[PDB]
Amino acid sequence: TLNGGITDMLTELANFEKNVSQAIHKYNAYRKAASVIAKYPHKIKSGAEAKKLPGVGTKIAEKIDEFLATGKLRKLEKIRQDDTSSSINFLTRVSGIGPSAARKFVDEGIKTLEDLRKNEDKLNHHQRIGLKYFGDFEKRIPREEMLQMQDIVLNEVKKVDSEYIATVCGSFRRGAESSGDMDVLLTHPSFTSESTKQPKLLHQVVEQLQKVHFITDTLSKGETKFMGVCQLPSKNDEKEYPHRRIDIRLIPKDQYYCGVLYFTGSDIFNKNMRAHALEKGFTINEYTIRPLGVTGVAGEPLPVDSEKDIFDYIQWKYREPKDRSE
């Protein structure tokens, strides 16, 4: 990767601001600069060259100059030395521990993996599962395994009701050679924006995937969103596969294209696109694109029959999923 040293430094700065400083706009600003530098097709030679890119300003250009000249950033060398920041940064790597809980735990003297294991009684359900699979959740998923997982989910949903449609989204749909988790978009004709003609539509799918021992744990579960844990079956005498994170989102069937646009991401791509929509006078969520009125209040949903229709409303050329990895 052409500018990997720079984008790694900006990512570490972003994480510092989110986890330690609890400065979410600085977190998003460093992420935006790292994203625009990541796609820049030249090896950056100066901070001035980088400042030409949108989202890189004076402060980050100065940090890039320091990094290019020395290979390091003093500000980060200090943060890495700092016990409190280091402990907080670590604890947020556990799923369900965010910046607030991480600082609370560090305040109570809970600062290592050992400390967490000893104090399991102070964790909520999600954090408990995140700790149990801390090691597994740090591993990437090879695309070959993503394909096996897709084949299980799609076949088990079909067994519940052949009218379900399950689509694997996220980085998988963008063509990534490895993924951090599996994201599944689910639809069923009995659930539309107009009516819900069947209860338990997500529940029945979750139950079936549990019955065949694919889903192993639940982090959170409502009528439309499931967050949990899953695992591929292994063969005789084979080492078990790592446990993996799985997210399932049931979307109204008539709102599939807004839903698949949202669930394909990337998250930075959606933020860029939704910000552009606002500049163009629309608001986009996972259900609808609506116009903004003279006062800025959302109007009625606009008709959408393809992902491209949403790009057309905001005057963007269509971008295939593989070109949305921002």
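Rigid core here is just the name for the largest C-alpha set that superposes within 1.5 Å across the two forms. From 1 onward, residues are counted along the sequence shown.
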* More variable segment, 35-43 or 253-261 [Cα RMS over structures in 7 other deposited structures of this protein, core-superposed] -> 35-43
* Rigid core superposition result in 7 other deposited structures of this protein, more deviant of 56-64, 264-272 by Cα -> 264-272
* To do: Please report whether at least a third of the other compared entries leave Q150 without coordinates.
  => no
* Other PDB entries, at least a third, lacking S193 -> no
* **Segment of higher mean CA temperature factor, 247-255 or 84-92** => 84-92
* Asked: Higher mean Cα B-factor in the deposited model: 70-78 or 142-150?
  -> 70-78
* Among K59, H42, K32, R274 - the residue whose C-alpha B-factor is largest in the record -> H42
* Of the residues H188, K235, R128, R173, the one carrying the largest Cα B-factor as recorded -> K235
* **Cα B factor band for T288 (lowest, middle or highest third within the chain)** => lowest
* **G109 - Cα temperature factor, lowest/middle/highest third of chain** => highest
* Among all modelled residues of this chain, ranked by Cα B factor, put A48 in the bottom, middle or top third, i.e. lowest, middle or highest. => highest
* Asked: Split the chain's modelled residues into thirds by Cα B-factor; is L13 in the lowest, middle or highest one?
  -> middle
* Structure fact -> Binned into thirds over the chain's modelled residues, the C-alpha B-factor of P199 lands in the highest
